Structure formats: C-alpha cells, structure tokens
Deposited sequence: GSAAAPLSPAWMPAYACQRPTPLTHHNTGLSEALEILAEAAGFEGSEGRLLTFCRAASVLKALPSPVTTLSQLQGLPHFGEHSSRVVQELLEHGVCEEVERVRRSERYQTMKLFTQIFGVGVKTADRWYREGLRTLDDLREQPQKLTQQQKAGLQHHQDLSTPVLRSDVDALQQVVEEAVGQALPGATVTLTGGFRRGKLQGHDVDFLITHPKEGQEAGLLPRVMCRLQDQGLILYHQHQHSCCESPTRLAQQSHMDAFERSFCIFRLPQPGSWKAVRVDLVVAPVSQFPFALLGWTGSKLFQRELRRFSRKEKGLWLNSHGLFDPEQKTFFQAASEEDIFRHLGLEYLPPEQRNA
C-alpha cells in the first residue's frame, strides 16, 4: 500500500512522525558528510516514508512491509519507541566531526568536499576560517561575512515585499516578464533558508539574455550584497528590517515558457521529491527528466508540457499539488 518512490505518495509539510523522521535525517546527513550517498538516500527515503504515514508509529510491528526499512532504520525507530532516544543518533549529534561538517557546509560557498578538507587540516570554528581569509574564495568570503544573517530563517511574511522589488526590476528588464515564487514557500512553508524565484515571458525566445539585465538593475538599486550569459543566479539580497536590514539568500532562475512547467516542478522541490521523480521517470518509464524537459530516448523526442499536471500525466503518476511534495 505504501509505494516505494516518494513521488507516488502525498507527503504533507506537517505529519505524525516528526521525531522519528528527524532522527533518521540526522543519520542521512552524517552519511553525506562521509561521502556515502547511498546510505544518505536510504535514510532520507526511510524518513520520508514516515512523513507520508497517516498516523504515528507506536510499535515496531507497524514498520513491517514499509519500503526502505531494513535492519538499521528499524533499529533506530525501535530504540526511539522504547527509550525516546537512539544512541547512534546521539553519538553523531555530539561528535566533533558532525558538528564541524555541519557548521562548515552551512557556509555559502562551502560544500562537503571543502568542509572535509578543512576538517582534516585541523580547522573547527568560523573564527579559524576568518584568520587566514586569503585561503577563501570570494564566494566563501561573502558566505562567511554574511553567515549570521544567512543562518536566520526567512519568513514567508518577508517574501511578498521582496517579490515586488524583483518584479519591478524584471518589468524594466523585459515588460511582460513574470516572477513566480517557487521552492519551499510554494510547498506551503512558513519559513525557509532562502527565497527562490522563477522568471519567464509568455513569448518564447523573449527571455533570452534576461537574467543579466535583471541582475544589473537590482545591483543599480543597491539591493545586491553579493552575486557571481547565465540563467541561474545565486545572490545575497539586502532585505529591509525595522530600522535596518538583513542579508538574505535569493535564487533567480530564467526559463523559456516552453520549459516553465519543468523548471517550476524542479524548483518547487522538495529535493528528495525531485530526485525520486527523476529516478522514477528513468527507471520505471524509460524517460529522462530534468528542469528543462522530459526526453524519450527511444523516439528521440521531448514532451511538450503546458502545466505541471501535464508532466505527472506523462509519467503515469497521480497529480500532487506542491503542498504534498514535502518528501
């Protein structure tokens, strides 16, 4: 009854197994910090299964027959059910390796590979990094200077004012171009670590060269604290605050209107949902999906889509609104 792919089931934002899913996601994160992407995926998938259940897991028996629950994830749930804590999870939580890899990977411009190298070099704190800044990229210097502001969640109540400033710049760059809020906010989240906007124009081709024009205008308005032809921009924006402002991460993405449903799907997430959707497409339907299109490699054709609904139908999946893609 519980299908194996997260794109085959509704996953709401809030659910009935929060504590169990959070513990599995700690182990998933730690697996990623060690480069074990397969174990990260299994732990992420097991957590996601619990998010999709209709009521709390109260006894181990209820894991029987659920996909992605083997001996390891079942033992994690078992210990939480019996003692309220999982020793493995707590050992990870307080480990110096986990805490420092988390601290470092949270910096904009630092990935797992860089954080791991720093860890092996003996670095442990943000002040350790600030001491020899010539070792940092320009992106990493920005991420480090802005780290405190970037560590505070963006509120959905901040987003509308920001969307209006982006829309003004976009409308000057290309009258008729539109801005769509994507990411976790579109899935219903009340906060997020960054804001995501998808930009298009109803006349195919008119969006060509648009993003530099947008960025130049936003920069001239004094709103860009950091930015790098292009179609994705990963920025730090000045967001107004009472008597002041704060730095917020903002992603801007441009797509032609022909690709807009695919880009909207991809950027609306969740990350696990998109990975599972692309895996399902490829492995179950023989179709190749990304944020630009859906390719039939046998007939060498791209599927036209006018809506997200179209894409779910192409793939033979029941339609899920964004609020049920919180895998």
**Prompt:** Which segments of the deposited sequence lack C-alpha coordinates in the modelled structure, numbering from residue 1?
**Reply:** 1-10, 239-257
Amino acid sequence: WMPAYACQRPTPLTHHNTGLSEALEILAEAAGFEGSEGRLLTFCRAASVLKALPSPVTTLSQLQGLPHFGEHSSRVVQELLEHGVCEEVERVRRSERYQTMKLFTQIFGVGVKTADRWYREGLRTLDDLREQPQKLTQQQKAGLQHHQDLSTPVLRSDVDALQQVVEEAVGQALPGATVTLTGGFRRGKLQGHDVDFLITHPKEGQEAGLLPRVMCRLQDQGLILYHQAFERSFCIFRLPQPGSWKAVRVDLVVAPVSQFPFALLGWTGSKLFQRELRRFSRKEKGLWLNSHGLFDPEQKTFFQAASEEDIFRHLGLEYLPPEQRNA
From here on, numbers count along this sequence of modelled residues.
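In this text, rigid core is short for the largest set of C-alphas that superpose within 1.5 Å between two forms.
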**Request:** Give, as the answer, the stretch of 184-192 and 202-210 that departs more from the shown form in 8 other deposited structures of this protein; the measure is RMS Cα distance after a core fit.
**Result:** 202-210
**Request:** Between 143-151 and 160-168, report the one with more C-alpha displacement in 8 other deposited structures of this protein relative to this form after a rigid core superposition.
**Result:** 160-168
**Asked** Taking the recorded C-alpha temperature factors, which stretch has the higher mean, 148-156 or 245-253?
**Response** 148-156
**Fill in**
Assert higher mean C-alpha B factor (196-204 or 168-176, deposited values) equals 168-176
**Item:** Selection from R130, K102, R217, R238 [criterion: highest C-alpha temperature factor in the record]
**Value:** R130
**Peak C-alpha temperature factor (PDB record), options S55, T268, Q62, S258** = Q62
**Request:** State the tercile, meaning the lowest, middle or highest third, of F302 with respect to the CA B-factors recorded for its chain.
**Result:** highest
**Request:** Pull the Cα B-factor of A6 out of the PDB entry and bin it into the chain's lowest, middle or highest third.
**Result:** middle
**Request:** Pull the Cα B-factor of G184 out of the PDB entry and bin it into the chain's lowest, middle or highest third.
**Result:** lowest
**Request:** Give the position of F280 by CA B-factor within its chain, expressed as the lowest, middle or highest third.
**Result:** middle
**Fill in**
Quick tally, chain-level thirds of C-alpha B-factors: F234 sits in the lowest
